Ligand SMILES: *Cc1cc2c(cc1C)nc1c(=O)[nH]c(=O)nc-1n2C[C@H](O)[C@H](O)[C@H](O)COP(=O)(O)OP(=O)(O)OC[C@H]1O[C@@H](n2cnc3c(N)ncnc32)[C@H](O)[C@@H]1O
Ligand code: HEM
Ligand SMILES: CC(C)Oc1cccc(NC(=O)c2ccccc2C(F)(F)F)c1
Ligand code: SF4
Ligand code: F3S
Ligand code: FES
């Protein structure tokens, strides 16, 4: 036997004004998978089928299992269980987010912000679409690398302290990275007005380079660097 | 539905509900880049409080600067006491100065990787101790 | 496009490299002309500093107007008070020189 | 009654599923001008199309000069002549048109010196009708093609007034006298039940990989729309045909792409021999998925296993340059160290044949229309459509060709939109549904919400998953299959002794997964019974006792001095599966395969032949 302790955040919206309380679960690590998600699945399947959580790909390329493990916002299928048996793994939902149930946050606002930047190719002339492929060199293609890979797990935005206090008006790292993702794209023509949409003290300029967004990213991407690069474009673009 | 409408309908469902906010500051891991950002804001306010308190006293309080120093001279001039009080002036001043450069380096778009943050984070921290001890002995 | 928030960001970085340059310049040349430009740089950068603090913690639409007006009032008194010190007293360069050898 | 709040929604078109095919159908309908609602149990991005790594097939001709008619030949040959050639015609012809369409949406395709989309070699593709050798027509976004496909489809979908029912589990189809009127679905956010009525209904729910123990598919790939057509009494096609992807991690069952084999990755057994050249001489290690995985599982039979317990084989990337692994295959490179603890540059990947694709699903017209089988003839179900992995226009047949599903998604997703736009107009009369319609769907939900039995949901799930893995594997004998059939039937009788714990309304994952179990079982019954009845070795379905490939003629010898076998004698036909919900009785009948193309002059009909690479 090899016992590992898991302390998990629990809140039931059907237990008539129930308080948010922690619940301890014990798992034989020798008969379990290497990842945290495997352990969360195990208690759901064996110990208590009341733990509600988002899961899908178990591969680390969908962003459903995104949560706070031991003070870090990463994917439960990417982060492996701490082999040190003398420690209890504290499992929490994404920071400063509306809790629907156990570890399940309301991301409606997060996706809406991603809709407000318009994440699609915009051409000045649209009459020649769906017939001929647009040209892009391998040199121009490499500029998209490290930006398109974003899986929208919402780890970087929810780790940002500015997004905590100003979540309503500030878009956040994940969304801002995608705004930048369509800026450097050589095919897109609406580069100027994408920057003009950020011409307010809250949309972009609520970032203060705290740098919790890159430090917690499960895919190893650099949103903060991409945000600072927008700021440089904002001060240099003409007309 | 539109993006602006989706945000407006988000808050109406959450603010008028029993849904609690997830723990944030109580549970999140302490980062060096995060802690150094708090100290930058801390020193920023502390310095701005000092600068404003100096200019505000020049208008409200009577007497010139030459006479104001004499009040400090009136109390026993402790060599280990004056040095410590003088150290507590340049310590928040030089930290903000060296870390201010680090922010300006970031605004150029350089040194924004995790290893570079931890390296430059220590360099600023060390330069502060040296410049604070160094200036206190001027 | 009317880049108001973009030009404001640039100004903050402009006064920053200026204030970084002036501090050693005041040590080298502690003249009366340096006193006023240092008093201008200290107040402006400080005003735009707290301006970012206010827009972060103050909820807005009711307290936002009061806090931004209260800061502007303090900044106006600070710059005038420092200018008074440079004109009717030893100046901020000579103020440090006397204080540091105490 | 009076327990659940019913909220009726009125729309022009309902698209169940927000994957690849789902989105393309959804936004394409509003782009045409329809009031389109999209129902999905997950967020559109979380859909399993993101997991796609290989690529998307199109005969654009960027690496060398290419013809889409050769891509037709490769797919129909790959289908083991069970694939409907009219559907393959439509898919391959507008394959270059529909990929350019995606690139124009904003898809960051990998590039070359010319500036055009990067194409690559893939399993079972050949130039000049098979004679010309290796073909390069797999368009890829640097090993993250499916992820980038879904994002650029989702991104472009915000340009239109599509309604999105995000995290709404669809329970049953709204059906009135054979005609589909919409969907009755469960809200997960609050727990209410919504009836969404429309003139047309598209089903794009994907495969049912969760039926087995080891699979590359997601936790949500439970064939919900496949088992939704089941409860309506409508047939399901070719459900016994389950594709086994040769390369899948021994641990969690994660996928290592076929793009690894397409770039230069070789499969090596424990002996040290290049064993894939021994089985297949022509295509070698880059053969069809029904031959490569067949060779791998046979290595275990003679005890030639690479693993510590000798069960899996290796995929070698030791000889591959590190320059190519950073540009062409970055997605599999990072995921190799996570689940296996192996770097791709110095040591090979532990691979094993695992459940991957379901070509069989909902019987589908080349237009996208759902087909029912009445009196030995095909009839179009009014107001019901299907596209994607859940659908079976049988464009893949007995074995899916490499990197053809993402094409199957975009082309037939578009086709579902066009077939609605050209048949009826937006704003036309939405057929009124009965006041108490979907009564059994709600009554079903209420039973499992208050389920008090002896066997847990997950414990019955594991009993189903492990039974399918042992009885309906890569190789399966009649005696092994028959034991599985009466074993799964016994497990269906346990769906009344089920034990649930959660009894809330808001986000009941203990309830939705048990609904998935109802859907998984109904898919499992039709898979195992359809396999035991089929007495031949065709494509992915390989019988040990029946190694013969039974067609209307013996296509090995010339066709002339040979009388035609009766329809109910040969096995070159689609397996249509019905199952009674109350008893779990599987009843089977068969319909003819479509051999005729859309135009004989523009594309020649390819007759059956001896299949080997
Ligand atoms: C499994 C797999 C498949 C795959 C692949 C890698 C893996 C691991 N790589 C591929 C590749 O490189 N190239 C290629 O051409 N194909 C590849 N595939 C196959 C292909 O990607 C899949 O067949 C594809 O994912 C199928 O797409 P589809 O849109 O049809 O199905 P889905 O992506 O799984 O999305 C399903 C959606 O339906 C909704 N849903 C499901 N059930 C419900 C119910 N109950 N109620 C409401 N909505 C439901 C889900 O929300 C989901 O979004
Ligand atoms: C000459 C050395 C200094 C440099 C190089 C400098 C530079 C900077 C920079 C670049 C920022 C913005 C950091 C960010 O991105 O959030 C900042 C913040 C700030 N500074 Fe300075 N500064 C200096 C001295 C001072 C002084 C003397 C004061 C006191 C009046 C001051 C007050 C503030 C305040 C109140 C903030 C806002 C805090 C924050 O948002 O982090 N600074 N400084
Ligand atoms: C986990 C704890 C230490 O976390 C906290 C708590 C309180 C404040 C903060 N830090 C900030 O709040 C901060 C600091 C510097 C610049 C801008 C901010 C801003 F914008 F307001 F987010 C972080
Ligand atoms: S940028 Fe990184 S941390 Fe942020 S949502 Fe995308 S993958 Fe997650
Ligand atoms: S943490 Fe937040 S303030 Fe910054 S660099 Fe990332 S957006
Ligand atoms: S479940 Fe897909 S990212 Fe962990």
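We're sticking with Swiss-Prot numbering for chain C, so the shown stretch reads 58-159, in order.
Cβ atoms here come from the backbone N, Cα and C positions, even for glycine.
Quick look at what Swiss-Prot lists:
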- C:64-85: transmembrane segment (TRANSMEM)
- C:86-90: topological domain 'Mitochondrial intermembrane' (TOPO_DOM)
- C:91-111: transmembrane segment (TRANSMEM)
- C:102: heme b binding site (BINDING)
- C:112-120: topological domain 'Mitochondrial matrix' (TOPO_DOM)
- C:114: ubiquinone binding site (BINDING)
- C:143-159: topological domain 'Mitochondrial intermembrane' (TOPO_DOM)
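Remark: secondary structure over the topological domain 'Mitochondrial intermembrane' (C:143-159) totals 12 helix, 0 strand, 5 coil, with classes taken from DSSP. Note: the CA-CA distance between the residue listed as 'ubiquinone binding site' and the residue listed as 'heme b binding site' rounds to 19 Å. Proximity of the residue listed as 'heme b binding site' to non-local residues of its own chain (separation of 6 or more, Cβ distance below 8 Å) is seen for C:69, C:72, C:73, C:76, given in sequence order. Here the topological domain 'Mitochondrial intermembrane' (C:86-90) has, by DSSP, the following mix of helix, strand and coil residues: 2 helix, 0 strand, 3 coil.
Sequence-remote contacts of a segment are chain residues at least 6 beyond its ends whose Cβ falls under 8 Å from one of its Cβ atoms, and for the topological domain 'Mitochondrial intermembrane' (C:86-90) they are 143, 148, 150-151, 154. For the topological domain 'Mitochondrial intermembrane' (C:143-159), the residues of the chain that approach it from at least six positions outside its boundaries are 83, 87-89, 91-93, 95-96, judged by C-beta separation under 8 angstroms. Of all Cβ atoms in the protein chains displayed, 10 besides its own lie within 10 Å of the Cβ of the residue listed as 'ubiquinone binding site'.
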